[PDB]
>>> print(open('data-v8.pdb').read())   # PDB, C-alpha atoms and all ligand atoms
ATOM      1  CA  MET A   1     111.684  72.584 111.002
ATOM      2  CA  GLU A   2     111.442  71.925 114.751
ATOM      3  CA  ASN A   3     113.358  75.102 115.639
ATOM      4  CA  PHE A   4     110.325  77.145 114.638
ATOM      5  CA  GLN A   5     106.770  77.222 115.964
ATOM      6  CA  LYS A   6     104.181  78.436 113.456
ATOM      7  CA  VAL A   7     102.093  81.202 115.009
ATOM      8  CA  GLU A   8      99.933  82.081 112.000
ATOM      9  CA  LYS A   9      99.970  82.158 108.205
ATOM     10  CA  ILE A  10     100.547  85.726 107.028
ATOM     11  CA  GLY A  11      99.730  85.044 103.392
ATOM     12  CA  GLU A  12     100.917  84.016  99.942
ATOM     13  CA  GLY A  13     103.840  86.307  99.145
ATOM     14  CA  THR A  14     105.340  86.792  95.693
ATOM     15  CA  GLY A  16     105.923  81.628  98.371
ATOM     16  CA  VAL A  17     103.963  81.103 101.594
ATOM     17  CA  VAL A  18     104.753  83.335 104.569
ATOM     18  CA  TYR A  19     104.237  82.492 108.238
ATOM     19  CA  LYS A  20     104.611  84.366 111.497
ATOM     20  CA  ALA A  21     106.723  82.005 113.602
ATOM     21  CA  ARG A  22     108.527  81.786 116.916
ATOM     22  CA  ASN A  23     112.103  80.594 117.292
ATOM     23  CA  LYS A  24     112.034  78.171 120.235
ATOM     24  CA  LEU A  25     115.695  78.789 121.091
ATOM     25  CA  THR A  26     115.793  82.595 121.101
ATOM     26  CA  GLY A  27     112.055  83.001 121.559
ATOM     27  CA  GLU A  28     112.081  85.691 118.878
ATOM     28  CA  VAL A  29     109.057  86.161 116.626
ATOM     29  CA  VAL A  30     109.954  86.323 112.931
ATOM     30  CA  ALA A  31     108.433  86.153 109.456
ATOM     31  CA  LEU A  32     109.312  82.908 107.689
ATOM     32  CA  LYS A  33     109.014  82.784 103.921
ATOM     33  CA  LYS A  34     109.068  79.467 102.067
ATOM     34  CA  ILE A  35     110.375  79.731  98.506
ATOM     35  CA  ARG A  36     109.219  76.865  96.281
ATOM     36  CA  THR A  41     111.941  74.452  90.911
ATOM     37  CA  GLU A  42     114.198  71.486  90.149
ATOM     38  CA  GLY A  43     117.210  71.903  92.421
ATOM     39  CA  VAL A  44     117.104  75.461  93.777
ATOM     40  CA  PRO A  45     119.810  77.545  91.989
ATOM     41  CA  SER A  46     123.150  77.831  93.782
ATOM     42  CA  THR A  47     123.770  81.231  92.196
ATOM     43  CA  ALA A  48     120.723  82.593  94.018
ATOM     44  CA  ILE A  49     121.607  81.294  97.483
ATOM     45  CA  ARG A  50     124.936  83.113  97.162
ATOM     46  CA  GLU A  51     123.315  86.368  96.050
ATOM     47  CA  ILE A  52     120.731  86.053  98.824
ATOM     48  CA  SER A  53     123.421  85.285 101.406
ATOM     49  CA  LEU A  54     124.973  88.658 100.563
ATOM     50  CA  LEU A  55     121.794  90.532 101.491
ATOM     51  CA  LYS A  56     122.207  89.262 105.046
ATOM     52  CA  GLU A  57     124.898  91.933 105.465
ATOM     53  CA  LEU A  58     122.759  94.795 104.133
ATOM     54  CA  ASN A  59     121.748  96.378 107.479
ATOM     55  CA  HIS A  60     119.973  99.765 107.845
ATOM     56  CA  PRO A  61     117.157 101.130 110.092
ATOM     57  CA  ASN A  62     114.794 101.433 107.135
ATOM     58  CA  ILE A  63     115.428  97.994 105.634
ATOM     59  CA  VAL A  64     113.768  94.838 106.993
ATOM     60  CA  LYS A  65     116.580  92.630 108.322
ATOM     61  CA  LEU A  66     117.189  89.277 106.637
ATOM     62  CA  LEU A  67     118.138  87.166 109.669
ATOM     63  CA  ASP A  68     118.792  83.847 107.967
ATOM     64  CA  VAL A  69     118.752  81.876 104.751
ATOM     65  CA  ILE A  70     118.110  78.138 105.063
ATOM     66  CA  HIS A  71     118.510  75.753 102.130
ATOM     67  CA  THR A  72     118.147  72.445 104.032
ATOM     68  CA  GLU A  73     115.508  70.058 102.659
ATOM     69  CA  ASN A  74     115.978  71.988  99.406
ATOM     70  CA  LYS A  75     113.005  74.194 100.273
ATOM     71  CA  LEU A  76     114.819  77.504 100.806
ATOM     72  CA  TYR A  77     113.467  79.526 103.722
ATOM     73  CA  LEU A  78     114.122  83.197 104.337
ATOM     74  CA  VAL A  79     113.856  84.378 107.934
ATOM     75  CA  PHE A  80     113.052  88.090 108.367
ATOM     76  CA  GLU A  81     112.641  90.450 111.288
ATOM     77  CA  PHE A  82     108.911  90.762 112.015
ATOM     78  CA  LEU A  83     106.777  93.933 111.781
ATOM     79  CA  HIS A  84     103.079  94.002 112.523
ATOM     80  CA  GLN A  85     101.557  96.002 109.695
ATOM     81  CA  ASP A  86     102.173  97.046 106.102
ATOM     82  CA  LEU A  87     101.496 100.428 104.462
ATOM     83  CA  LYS A  88      98.705  99.083 102.255
ATOM     84  CA  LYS A  89      96.614  98.136 105.312
ATOM     85  CA  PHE A  90      97.504 101.409 107.031
ATOM     86  CA  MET A  91      96.397 103.440 104.008
ATOM     87  CA  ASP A  92      93.092 101.558 103.869
ATOM     88  CA  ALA A  93      92.596 102.200 107.577
ATOM     89  CA  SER A  94      93.305 105.926 107.044
ATOM     90  CA  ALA A  95      91.003 106.175 104.010
ATOM     91  CA  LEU A  96      88.376 108.327 105.754
ATOM     92  CA  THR A  97      90.644 111.008 107.169
ATOM     93  CA  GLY A  98      93.861 110.473 105.249
ATOM     94  CA  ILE A  99      97.380 110.058 106.625
ATOM     95  CA  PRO A 100      98.526 113.424 108.098
ATOM     96  CA  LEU A 101     101.025 115.285 105.898
ATOM     97  CA  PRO A 102     103.696 115.228 108.612
ATOM     98  CA  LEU A 103     103.546 111.398 108.693
ATOM     99  CA  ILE A 104     103.475 111.108 104.887
ATOM    100  CA  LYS A 105     106.602 113.293 104.853
ATOM    101  CA  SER A 106     108.323 111.257 107.586
ATOM    102  CA  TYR A 107     107.625 107.987 105.782
ATOM    103  CA  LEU A 108     108.816 109.304 102.396
ATOM    104  CA  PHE A 109     111.989 110.666 104.011
ATOM    105  CA  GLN A 110     112.725 107.338 105.722
ATOM    106  CA  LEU A 111     112.061 105.344 102.563
ATOM    107  CA  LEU A 112     114.448 107.578 100.593
ATOM    108  CA  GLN A 113     117.121 106.994 103.272
ATOM    109  CA  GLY A 114     116.618 103.254 102.843
ATOM    110  CA  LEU A 115     116.822 103.496  99.069
ATOM    111  CA  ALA A 116     119.918 105.708  99.194
ATOM    112  CA  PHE A 117     121.598 103.047 101.330
ATOM    113  CA  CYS A 118     120.621 100.138  99.076
ATOM    114  CA  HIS A 119     121.572 101.998  95.899
ATOM    115  CA  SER A 120     124.993 102.946  97.288
ATOM    116  CA  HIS A 121     125.575  99.220  97.901
ATOM    117  CA  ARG A 122     124.436  98.353  94.366
ATOM    118  CA  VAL A 123     121.217  96.707  95.488
ATOM    119  CA  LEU A 124     117.940  97.388  93.670
ATOM    120  CA  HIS A 125     114.470  96.569  94.925
ATOM    121  CA  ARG A 126     112.580  96.467  91.588
ATOM    122  CA  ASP A 127     109.118  95.684  92.994
ATOM    123  CA  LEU A 128     108.273  98.393  95.522
ATOM    124  CA  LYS A 129     104.582  98.613  96.473
ATOM    125  CA  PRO A 130     102.661  99.559  99.638
ATOM    126  CA  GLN A 131     102.390  95.904 100.665
ATOM    127  CA  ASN A 132     106.199  95.701 100.764
ATOM    128  CA  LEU A 133     106.594  98.678 103.137
ATOM    129  CA  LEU A 134     106.319  97.675 106.793
ATOM    130  CA  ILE A 135     105.568  99.961 109.734
ATOM    131  CA  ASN A 136     105.738  99.808 113.531
ATOM    132  CA  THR A 137     104.377 101.720 116.524
ATOM    133  CA  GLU A 138     107.472 103.927 116.900
ATOM    134  CA  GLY A 139     106.899 105.722 113.597
ATOM    135  CA  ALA A 140     109.398 103.717 111.555
ATOM    136  CA  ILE A 141     108.836 102.379 108.039
ATOM    137  CA  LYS A 142     111.055  99.773 106.364
ATOM    138  CA  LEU A 143     111.621  98.378 102.854
ATOM    139  CA  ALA A 144     110.901  94.626 102.603
ATOM    140  CA  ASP A 145     110.791  91.714 100.129
ATOM    141  CA  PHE A 146     113.025  93.123  97.383
ATOM    142  CA  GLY A 147     111.428  90.921  94.740
ATOM    143  CA  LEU A 148     113.840  88.292  96.051
ATOM    144  CA  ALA A 149     116.824  89.990  94.370
ATOM    145  CA  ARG A 150     115.620  89.335  90.802
ATOM    146  CA  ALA A 151     115.365  85.680  91.863
ATOM    147  CA  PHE A 152     111.983  85.563  90.122
ATOM    148  CA  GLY A 153     111.584  87.722  87.030
ATOM    149  CA  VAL A 154     108.146  89.226  86.360
ATOM    150  CA  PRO A 155     105.936  86.858  88.447
ATOM    151  CA  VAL A 156     102.628  86.501  86.585
ATOM    152  CA  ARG A 157     101.246  84.029  89.132
ATOM    153  CA  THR A 158     102.280  82.959  92.637
ATOM    154  CA  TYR A 159     102.362  79.335  93.804
ATOM    155  CA  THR A 160      98.558  79.528  93.603
ATOM    156  CA  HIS A 161      98.185  81.901  90.642
ATOM    157  CA  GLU A 162      97.980  85.477  91.935
ATOM    158  CA  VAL A 163      97.556  88.698  89.915
ATOM    159  CA  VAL A 164     100.791  90.723  89.788
ATOM    160  CA  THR A 165     100.334  94.444  90.492
ATOM    161  CA  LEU A 166     101.710  96.644  87.730
ATOM    162  CA  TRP A 167     100.656  99.916  89.306
ATOM    163  CA  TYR A 168     104.137 100.914  90.450
ATOM    164  CA  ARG A 169     106.152  99.783  87.420
ATOM    165  CA  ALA A 170     108.445 102.326  85.794
ATOM    166  CA  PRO A 171     107.844 103.148  82.127
ATOM    167  CA  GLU A 172     111.231 101.819  80.949
ATOM    168  CA  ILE A 173     110.290  98.369  82.324
ATOM    169  CA  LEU A 174     106.918  98.462  80.551
ATOM    170  CA  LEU A 175     108.694  99.488  77.329
ATOM    171  CA  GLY A 176     110.870  96.389  77.453
ATOM    172  CA  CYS A 177     114.204  97.675  78.680
ATOM    173  CA  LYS A 178     116.266  94.713  79.870
ATOM    174  CA  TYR A 179     118.605  96.603  82.182
ATOM    175  CA  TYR A 180     116.933  98.170  85.233
ATOM    176  CA  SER A 181     118.646 101.053  86.998
ATOM    177  CA  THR A 182     118.216 102.519  90.495
ATOM    178  CA  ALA A 183     115.683 104.888  88.881
ATOM    179  CA  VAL A 184     113.006 102.198  88.776
ATOM    180  CA  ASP A 185     112.755 102.353  92.578
ATOM    181  CA  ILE A 186     112.416 106.146  92.616
ATOM    182  CA  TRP A 187     109.519 105.878  90.135
ATOM    183  CA  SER A 188     107.727 103.335  92.357
ATOM    184  CA  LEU A 189     108.208 105.448  95.447
ATOM    185  CA  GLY A 190     106.869 108.502  93.619
ATOM    186  CA  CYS A 191     103.701 106.536  92.778
ATOM    187  CA  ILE A 192     103.387 105.537  96.460
ATOM    188  CA  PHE A 193     103.900 109.160  97.640
ATOM    189  CA  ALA A 194     101.083 110.299  95.334
ATOM    190  CA  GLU A 195      98.797 107.511  96.610
ATOM    191  CA  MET A 196      99.368 108.441 100.274
ATOM    192  CA  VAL A 197      98.430 112.064  99.445
ATOM    193  CA  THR A 198      95.298 111.522  97.317
ATOM    194  CA  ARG A 199      94.146 108.198  98.824
ATOM    195  CA  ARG A 200      93.818 106.724  95.329
ATOM    196  CA  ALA A 201      96.359 104.796  93.239
ATOM    197  CA  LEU A 202      98.067 107.075  90.727
ATOM    198  CA  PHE A 203      98.186 104.621  87.796
ATOM    199  CA  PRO A 204      95.925 101.611  88.507
ATOM    200  CA  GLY A 205      96.436  99.674  85.265
ATOM    201  CA  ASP A 206      94.929  96.234  84.731
ATOM    202  CA  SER A 207      97.225  95.080  81.911
ATOM    203  CA  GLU A 208     100.715  96.037  80.756
ATOM    204  CA  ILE A 209      99.328  98.255  77.988
ATOM    205  CA  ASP A 210      96.604  99.788  80.191
ATOM    206  CA  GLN A 211      99.366 100.594  82.707
ATOM    207  CA  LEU A 212     101.523 102.267  80.066
ATOM    208  CA  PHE A 213      98.584 104.191  78.599
ATOM    209  CA  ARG A 214      97.393 105.408  82.024
ATOM    210  CA  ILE A 215     100.878 106.838  82.539
ATOM    211  CA  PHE A 216     100.791 108.493  79.090
ATOM    212  CA  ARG A 217      97.313 109.983  79.665
ATOM    213  CA  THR A 218      98.590 111.765  82.763
ATOM    214  CA  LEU A 219     102.212 112.648  81.978
ATOM    215  CA  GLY A 220     101.839 112.915  78.207
ATOM    216  CA  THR A 221     103.026 110.405  75.597
ATOM    217  CA  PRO A 222     106.853 110.488  75.782
ATOM    218  CA  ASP A 223     108.893 111.650  72.801
ATOM    219  CA  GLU A 224     112.533 112.165  71.874
ATOM    220  CA  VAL A 225     112.558 115.658  73.374
ATOM    221  CA  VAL A 226     111.737 114.607  76.936
ATOM    222  CA  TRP A 227     113.151 111.077  76.667
ATOM    223  CA  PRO A 228     116.027 110.690  74.169
ATOM    224  CA  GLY A 229     116.005 107.146  72.850
ATOM    225  CA  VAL A 230     112.438 106.279  73.800
ATOM    226  CA  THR A 231     111.359 105.560  70.213
ATOM    227  CA  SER A 232     114.044 102.874  69.928
ATOM    228  CA  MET A 233     112.957 100.922  72.991
ATOM    229  CA  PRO A 234     112.073  97.224  72.520
ATOM    230  CA  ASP A 235     108.316  97.592  72.930
ATOM    231  CA  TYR A 236     107.811 101.146  71.727
ATOM    232  CA  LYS A 237     105.272 101.424  68.881
ATOM    233  CA  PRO A 238     104.910 104.474  66.590
ATOM    234  CA  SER A 239     101.198 103.663  66.782
ATOM    235  CA  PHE A 240     100.918 104.645  70.477
ATOM    236  CA  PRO A 241      98.303 107.396  70.833
ATOM    237  CA  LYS A 242      99.700 110.882  71.473
ATOM    238  CA  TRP A 243      98.246 112.359  74.671
ATOM    239  CA  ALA A 244      99.015 115.800  76.094
ATOM    240  CA  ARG A 245     100.528 116.139  79.580
ATOM    241  CA  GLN A 246      98.359 117.162  82.562
ATOM    242  CA  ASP A 247      99.328 119.591  85.350
ATOM    243  CA  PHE A 248     100.355 118.175  88.751
ATOM    244  CA  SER A 249      97.999 120.616  90.424
ATOM    245  CA  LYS A 250      95.260 118.429  88.969
ATOM    246  CA  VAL A 251      97.029 115.117  89.651
ATOM    247  CA  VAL A 252      97.820 115.297  93.386
ATOM    248  CA  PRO A 253      95.674 118.048  94.881
ATOM    249  CA  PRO A 254      95.961 119.618  97.326
ATOM    250  CA  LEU A 255      99.705 118.898  97.723
ATOM    251  CA  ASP A 256     101.798 122.105  97.962
ATOM    252  CA  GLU A 257     104.418 123.196  95.400
ATOM    253  CA  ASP A 258     107.324 121.720  97.386
ATOM    254  CA  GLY A 259     105.628 118.316  97.253
ATOM    255  CA  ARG A 260     104.592 118.691  93.587
ATOM    256  CA  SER A 261     108.127 119.724  92.630
ATOM    257  CA  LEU A 262     109.678 116.660  94.286
ATOM    258  CA  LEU A 263     107.054 114.303  92.818
ATOM    259  CA  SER A 264     107.620 115.714  89.328
ATOM    260  CA  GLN A 265     111.321 114.947  89.684
ATOM    261  CA  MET A 266     110.587 111.402  90.869
ATOM    262  CA  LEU A 267     108.350 110.847  87.826
ATOM    263  CA  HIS A 268     110.543 112.116  85.000
ATOM    264  CA  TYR A 269     110.303 109.768  81.993
ATOM    265  CA  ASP A 270     114.050 109.624  81.262
ATOM    266  CA  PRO A 271     115.569 107.372  83.977
ATOM    267  CA  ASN A 272     118.710 109.484  83.707
ATOM    268  CA  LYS A 273     116.832 112.693  84.541
ATOM    269  CA  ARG A 274     114.852 111.103  87.381
ATOM    270  CA  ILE A 275     116.068 112.307  90.785
ATOM    271  CA  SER A 276     118.312 110.062  92.899
ATOM    272  CA  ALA A 277     117.356 109.048  96.443
ATOM    273  CA  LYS A 278     120.364 111.009  97.776
ATOM    274  CA  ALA A 279     119.389 114.183  95.923
ATOM    275  CA  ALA A 280     115.726 113.837  96.906
ATOM    276  CA  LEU A 281     116.672 113.875 100.593
ATOM    277  CA  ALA A 282     117.998 117.415 100.087
ATOM    278  CA  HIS A 283     114.790 118.695  98.444
ATOM    279  CA  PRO A 284     113.089 121.722 100.115
ATOM    280  CA  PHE A 285     110.037 119.538 100.778
ATOM    281  CA  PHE A 286     111.928 118.027 103.732
ATOM    282  CA  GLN A 287     113.013 121.235 105.440
ATOM    283  CA  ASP A 288     110.399 120.757 108.173
ATOM    284  CA  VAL A 289     110.403 116.957 108.380
ATOM    285  CA  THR A 290     109.738 115.331 111.767
ATOM    286  CA  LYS A 291     109.012 111.808 113.035
ATOM    287  CA  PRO A 292     105.369 111.554 114.229
ATOM    288  CA  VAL A 293     103.870 108.519 115.942
ATOM    289  CA  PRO A 294     101.194 106.749 113.883
ATOM    290  CA  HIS A 295      97.826 105.594 115.209
ATOM    291  CA  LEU A 296      98.160 101.827 114.834
ATOM    292  CA  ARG A 297      95.446  99.368 115.762
ATOM    293  CA  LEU A 298      97.037  95.913 116.051
TER     294      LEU A 298
HETATM  295  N1  LIG A 301     108.735  90.815 107.768
HETATM  296  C1  LIG A 301     107.386  90.759 107.989
HETATM  297  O1  LIG A 301     106.960  90.994 109.114
HETATM  298  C2  LIG A 301     106.526  90.427 106.956
HETATM  299  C3  LIG A 301     107.023  89.621 105.874
HETATM  300  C4  LIG A 301     106.190  89.236 104.775
HETATM  301  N2  LIG A 301     106.681  88.510 103.821
HETATM  302  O2  LIG A 301     106.178  88.557 102.604
HETATM  303  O3  LIG A 301     107.713  87.722 104.036
HETATM  304  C5  LIG A 301     104.820  89.664 104.756
HETATM  305  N3  LIG A 301     104.046  89.316 103.779
HETATM  306  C6  LIG A 301     103.276  90.305 102.985
HETATM  307  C7  LIG A 301     102.881  89.674 101.642
HETATM  308  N4  LIG A 301     102.897  90.672 100.599
HETATM  309  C8  LIG A 301     104.100  91.175  99.927
HETATM  310  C9  LIG A 301     103.986  90.971  98.410
HETATM  311  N5  LIG A 301     102.834  91.705  97.915
HETATM  312  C10 LIG A 301     101.626  91.177  98.530
HETATM  313  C11 LIG A 301     101.708  91.345 100.063
HETATM  314  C12 LIG A 301     104.318  90.470 105.826
HETATM  315  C13 LIG A 301     105.156  90.867 106.938
HETATM  316  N6  LIG A 301     104.699  91.607 107.925
HETATM  317  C14 LIG A 301     103.488  92.487 107.861
HETATM  318  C15 LIG A 301     102.253  91.682 108.180
HETATM  319  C16 LIG A 301     102.122  90.930 109.351
HETATM  320  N7  LIG A 301     101.018  90.180 109.658
HETATM  321  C17 LIG A 301     100.010  90.193 108.738
HETATM  322  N8  LIG A 301      98.973  89.505 108.994
HETATM  323  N9  LIG A 301     100.025  90.888 107.565
HETATM  324  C18 LIG A 301     101.156  91.619 107.313
END
>>> encode(input="data-v8.pdb", output="structure tokens", more="lines below")
Ligand SMILES: NC(=O)c1cc([N+](=O)[O-])c(NCCN2CCNCC2)cc1NCc1cnc(N)nc1
Amino acid sequence: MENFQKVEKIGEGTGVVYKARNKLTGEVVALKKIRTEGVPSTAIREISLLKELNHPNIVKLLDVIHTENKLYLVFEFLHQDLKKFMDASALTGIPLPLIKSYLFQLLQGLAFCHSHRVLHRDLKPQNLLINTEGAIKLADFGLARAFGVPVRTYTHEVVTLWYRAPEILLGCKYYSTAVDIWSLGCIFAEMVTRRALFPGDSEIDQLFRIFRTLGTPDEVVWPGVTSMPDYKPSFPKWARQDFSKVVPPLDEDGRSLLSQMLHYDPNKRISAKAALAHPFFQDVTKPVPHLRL
């Protein structure tokens, strides 16, 4: 509209996203255009609810605009995402104190969302935004299940499966808060090793990469797994690997927490609230990151 002044095009989110300035307030925001034969009225209501979900580690949804039947989401603006920061820190690696601070903050954000019955469902480094003060915030939220499993964006883009929990890959129709803990565990491992934990290039390659590392799940470690929608008795049976080999040289406090975030059974997987109490965070601090904007 005329209330906004486009500053630049940020990219092609999971719709198009622009950095824009509000002429009235003068505030700089991120404007996402969501492209469809009437724009569901059940969604606009669900979205409108997220406007009240405020927390320091959650990107604020400032406004929802339906006018013109285009549907625009206005978000608070942050300059960089964790994916770019990790690439920039590839040579030296993000310092452990900062990795710990970020993980701690993200768990606080998840604990808040989960206590308000809000799930993210599509956590990935590109959806974690950071600023110069050392803060990190959860963004996007997959649009509150508005768009289920997006195979291609408005211009056909390859959906990342790297952070998908095993129960989703096995066809479970009801996601629980545990899917977000799994994704965050994968991100924690990636910050530590500087390599994606499970970089699959297809749904089955994703599932098999998980099995090759954590062992093919069975009824002992995951009661009910063999009855899941897409489970096949023909899956190969791989033995589990030790975490000392998976995320070296992370210490035992870190390995212990990661192991709990990656349990196969969603019911055994640690909650965000419980993870905040883990010994790994006894010495947590809030360092300032080296950001080049
Ligand atoms: N709230 C925001 O400031 C913000 C919002 C969105 N968004 O989507 O509304 C966004 N898009 C990222 C698109 N992806 C998410 C889905 N997986 C692929 C990556 C980026 C943002 N900021 C960080 C940033 C700023 N500037 C440049 N150039 N790059 C990044």
>>> residues_around(input="data-v8.pdb", residues="residue 258 in chain A", least_positions_apart="5", cutoff="10 Å", atoms="all atoms listed in the file", output="mmCIF file with C-alpha atoms, in the coordinates of the input")
data_model
loop_
_atom_site.group_PDB
_atom_site.id
_atom_site.type_symbol
_atom_site.label_atom_id
_atom_site.label_comp_id
_atom_site.auth_asym_id
_atom_site.auth_seq_id
_atom_site.Cartn_x
_atom_site.Cartn_y
_atom_site.Cartn_z
ATOM 1 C CA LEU A 263 107.054 114.303 92.818
ATOM 2 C CA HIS A 283 114.790 118.695 98.444
ATOM 3 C CA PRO A 284 113.089 121.722 100.115
ATOM 4 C CA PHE A 285 110.037 119.538 100.778
ATOM 5 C CA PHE A 286 111.928 118.027 103.732
ATOM 6 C CA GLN A 287 113.013 121.235 105.440
#
>>> resolve_selection(input="data-v8.pdb", expression="the PyMOL selection byres (((chain A and resi 30-42) around 9) and not hetatm)", output="MDAnalysis selection string")
chainID A and resid 6 10 13 16:23 28:29 43:45 67 74:83 159
>>> resolve_selection(input="data-v8.pdb", expression="the PyMOL selection byres (((chain A and resi 220) around 8) and not hetatm)", output="PDB file with C-alpha atoms, in the frame of the given file")
ATOM      1  CA  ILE A 215     100.878 106.838  82.539  1.00  0.00           C
ATOM      2  CA  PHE A 216     100.791 108.493  79.090  1.00  0.00           C
ATOM      3  CA  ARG A 217      97.313 109.983  79.665  1.00  0.00           C
ATOM      4  CA  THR A 218      98.590 111.765  82.763  1.00  0.00           C
ATOM      5  CA  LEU A 219     102.212 112.648  81.978  1.00  0.00           C
ATOM      6  CA  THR A 221     103.026 110.405  75.597  1.00  0.00           C
ATOM      7  CA  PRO A 222     106.853 110.488  75.782  1.00  0.00           C
ATOM      8  CA  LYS A 242      99.700 110.882  71.473  1.00  0.00           C
ATOM      9  CA  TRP A 243      98.246 112.359  74.671  1.00  0.00           C
ATOM     10  CA  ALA A 244      99.015 115.800  76.094  1.00  0.00           C
ATOM     11  CA  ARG A 245     100.528 116.139  79.580  1.00  0.00           C
ATOM     12  CA  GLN A 246      98.359 117.162  82.562  1.00  0.00           C
TER      13      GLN A 246
END
>>> residues_around(input="data-v8.pdb", residues="residue 163 in chain A", least_positions_apart="5", cutoff="12 Å", atoms="only C-alpha atoms", output="PDB file with C-alpha atoms, in the frame of the given file")
ATOM      1  CA  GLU A  12     100.917  84.016  99.942  1.00  0.00           C
ATOM      2  CA  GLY A  13     103.840  86.307  99.145  1.00  0.00           C
ATOM      3  CA  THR A  14     105.340  86.792  95.693  1.00  0.00           C
ATOM      4  CA  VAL A 154     108.146  89.226  86.360  1.00  0.00           C
ATOM      5  CA  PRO A 155     105.936  86.858  88.447  1.00  0.00           C
ATOM      6  CA  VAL A 156     102.628  86.501  86.585  1.00  0.00           C
ATOM      7  CA  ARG A 157     101.246  84.029  89.132  1.00  0.00           C
ATOM      8  CA  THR A 158     102.280  82.959  92.637  1.00  0.00           C
ATOM      9  CA  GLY A 205      96.436  99.674  85.265  1.00  0.00           C
ATOM     10  CA  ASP A 206      94.929  96.234  84.731  1.00  0.00           C
ATOM     11  CA  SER A 207      97.225  95.080  81.911  1.00  0.00           C
TER      12      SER A 207
END
>>> closest_residue(input="data-v8.pdb", among="A:46, A:198, A:281, A:214", to="residue 249 in chain A", atoms="only C-alpha atoms")
A:198
>>> residues_around(input="data-v8.pdb", residues="residue 48 in chain A", least_positions_apart="5", cutoff="12 Å", atoms="all atoms listed in the file", output="ChimeraX atom specification")
/A:35,43,53-55,69,71,76,148-152
>>> atom_distance(input="data-v8.pdb", atom1="CA of residue 161 in chain A", atom2="atom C14 of ligand LIG 301 (chain A)")
20.9 Å
>>> axis_aligned_box(input="data-v8.pdb", around="ligand LIG 301 (chain A)", padding_each_side="4 Å", output="AutoDock Vina command-line options")
--center_x 103.9 --center_y 90.1 --center_z 103.8 --size_x 17.8 --size_y 12.8 --size_z 19.7
>>> atom_distance(input="data-v8.pdb", atom1="CA of residue 193 in chain A", atom2="atom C6 of ligand LIG 301 (chain A)")
19.6 Å
>>> closest_residue(input="data-v8.pdb", among="A:278, A:291, A:129, A:297", to="ligand LIG 301 (chain A)", atoms="all atoms listed in the file")
A:129
>>> residues_around(input="data-v8.pdb", residues="residue 185 in chain A", least_positions_apart="3", cutoff="8 Å", atoms="all atoms listed in the file", output="ChimeraX atom specification")
/A:115,124-128,182,188-189
>>> write_last_selection(input="data-v8.pdb", atoms="C-alpha atoms", output="tab-separated table (two decimals), in the frame of the given file")
chain	number	residue	atom	x	y	z
A	115	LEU	CA	116.82	103.50	99.07
A	124	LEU	CA	117.94	97.39	93.67
A	125	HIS	CA	114.47	96.57	94.92
A	126	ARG	CA	112.58	96.47	91.59
A	127	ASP	CA	109.12	95.68	92.99
A	128	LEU	CA	108.27	98.39	95.52
A	182	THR	CA	118.22	102.52	90.50
A	188	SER	CA	107.73	103.34	92.36
A	189	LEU	CA	108.21	105.45	95.45
>>> atom_distance(input="data-v8.pdb", atom1="CA of residue 280 in chain A", atom2="atom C9 of ligand LIG 301 (chain A)")
25.7 Å
>>> closest_residue(input="data-v8.pdb", among="A:267, A:289, A:194, A:223", to="residue 250 in chain A", atoms="all atoms listed in the file")
A:194
>>> resolve_selection(input="data-v8.pdb", expression="the PyMOL selection byres (((chain A and resi 63) around 9) and not hetatm)", output="list in words")
residues 58, 59, 60, 61, 62, 64, 65, 66, 111, 114, 115, 118, 141, 142, 143 and 144 of chain A
>>> write_last_selection(input="data-v8.pdb", atoms="C-alpha atoms", output="PDB file, in the frame of the given file")
ATOM      1  CA  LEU A  58     122.759  94.795 104.133  1.00  0.00           C
ATOM      2  CA  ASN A  59     121.748  96.378 107.479  1.00  0.00           C
ATOM      3  CA  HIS A  60     119.973  99.765 107.845  1.00  0.00           C
ATOM      4  CA  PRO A  61     117.157 101.130 110.092  1.00  0.00           C
ATOM      5  CA  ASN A  62     114.794 101.433 107.135  1.00  0.00           C
ATOM      6  CA  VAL A  64     113.768  94.838 106.993  1.00  0.00           C
ATOM      7  CA  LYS A  65     116.580  92.630 108.322  1.00  0.00           C
ATOM      8  CA  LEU A  66     117.189  89.277 106.637  1.00  0.00           C
ATOM      9  CA  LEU A 111     112.061 105.344 102.563  1.00  0.00           C
ATOM     10  CA  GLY A 114     116.618 103.254 102.843  1.00  0.00           C
ATOM     11  CA  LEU A 115     116.822 103.496  99.069  1.00  0.00           C
ATOM     12  CA  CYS A 118     120.621 100.138  99.076  1.00  0.00           C
ATOM     13  CA  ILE A 141     108.836 102.379 108.039  1.00  0.00           C
ATOM     14  CA  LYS A 142     111.055  99.773 106.364  1.00  0.00           C
ATOM     15  CA  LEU A 143     111.621  98.378 102.854  1.00  0.00           C
ATOM     16  CA  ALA A 144     110.901  94.626 102.603  1.00  0.00           C
TER      17      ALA A 144
END
>>> residues_around(input="data-v8.pdb", residues="residue 24 in chain A", least_positions_apart="5", cutoff="7 Å", atoms="all atoms listed in the file", output="PyMOL selection string")
chain A and resi 3-5
>>> closest_residue(input="data-v8.pdb", among="A:136, A:290, A:239, A:265", to="ligand LIG 301 (chain A)", atoms="all atoms listed in the file")
A:136
>>> closest_residue(input="data-v8.pdb", among="A:232, A:131, A:264, A:72", to="ligand LIG 301 (chain A)", atoms="all atoms listed in the file")
A:131
>>> closest_residue(input="data-v8.pdb", among="A:106, A:120, A:132, A:113", to="ligand LIG 301 (chain A)", atoms="all atoms listed in the file")
A:132
